[PDB]
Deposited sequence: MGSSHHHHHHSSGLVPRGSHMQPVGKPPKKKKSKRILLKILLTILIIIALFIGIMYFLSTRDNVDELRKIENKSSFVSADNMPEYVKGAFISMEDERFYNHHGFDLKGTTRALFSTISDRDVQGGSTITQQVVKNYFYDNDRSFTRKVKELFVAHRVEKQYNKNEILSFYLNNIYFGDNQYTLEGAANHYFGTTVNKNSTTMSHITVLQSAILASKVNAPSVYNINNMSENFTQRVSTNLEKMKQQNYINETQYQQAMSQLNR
């Protein structure tokens, strides 16, 4: 009865912690995400070609639509197993914690992520994602980034502007979590290697066909 009381006390102190943590994450009001849709260059994911969405999904969260905010495989692999935040978690980080990165601010990010999943559908989440990540050059929306770097658009419907290519999609997708030193204006060999990996994942997961891939790989090498 002596090893049950020090087990209980530790088991309760952590539940107490987790609990307080919950209260911290509240809130952190996920209703706020709707503000992203007010950006002058907002484009929702459903108005983008499937290969544009797939560039990001295959590179950043290939099981995006499967999970409920937490990808277990990518989070165990994440615990330094030679990552690991799901696109949902990245939306929380990018909107609410544009500043800090602590273990406690990591626990409460989980609570908040579970909440955005409960309140938003996958397309909305994906749209919050692509309309609030840094693409360099002070560009925080996919469309801004596409306009700025390439003068192309990610709105499949659009007719006033050339359409973002497979390559360009991979470049912007690769940029999102690349080291800050990766410069789309002057891509290093390490950057072209990163996007080649991105392009390969799009092919492997079938967001693009061999021809799209080869043609992108070729454009990447000029």
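Not built in the structure, per the record, are deposited positions 1-34, 117-123.
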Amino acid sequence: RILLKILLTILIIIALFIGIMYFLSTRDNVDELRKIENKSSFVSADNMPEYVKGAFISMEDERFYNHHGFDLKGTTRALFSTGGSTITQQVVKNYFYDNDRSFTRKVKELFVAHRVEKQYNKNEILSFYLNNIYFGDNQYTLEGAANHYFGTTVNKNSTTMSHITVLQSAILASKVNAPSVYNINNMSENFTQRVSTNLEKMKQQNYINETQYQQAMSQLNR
From here on, numbers count along this sequence of modelled residues.
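Set 129-137 against 96-104 and average the Cα temperature factors; 96-104 ends up higher.
Higher mean CA temperature factor between 24-32 and 191-199: 24-32, per the PDB entry. Out of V112, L79, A146, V91, it is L79 whose C-alpha atom has the highest B-factor in the PDB entry. In this entry, the residue among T165, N185, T160, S44 with the greatest C-alpha B factor is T160. When the CA B factors of the chain's modelled residues are split into thirds, the value for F56 lands in the lowest one. Per-chain ranking of the deposited C-alpha B factor places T75 in the highest third. Among the modelled residues of the chain, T211 sits in the middle third by CA temperature factor in this PDB entry.
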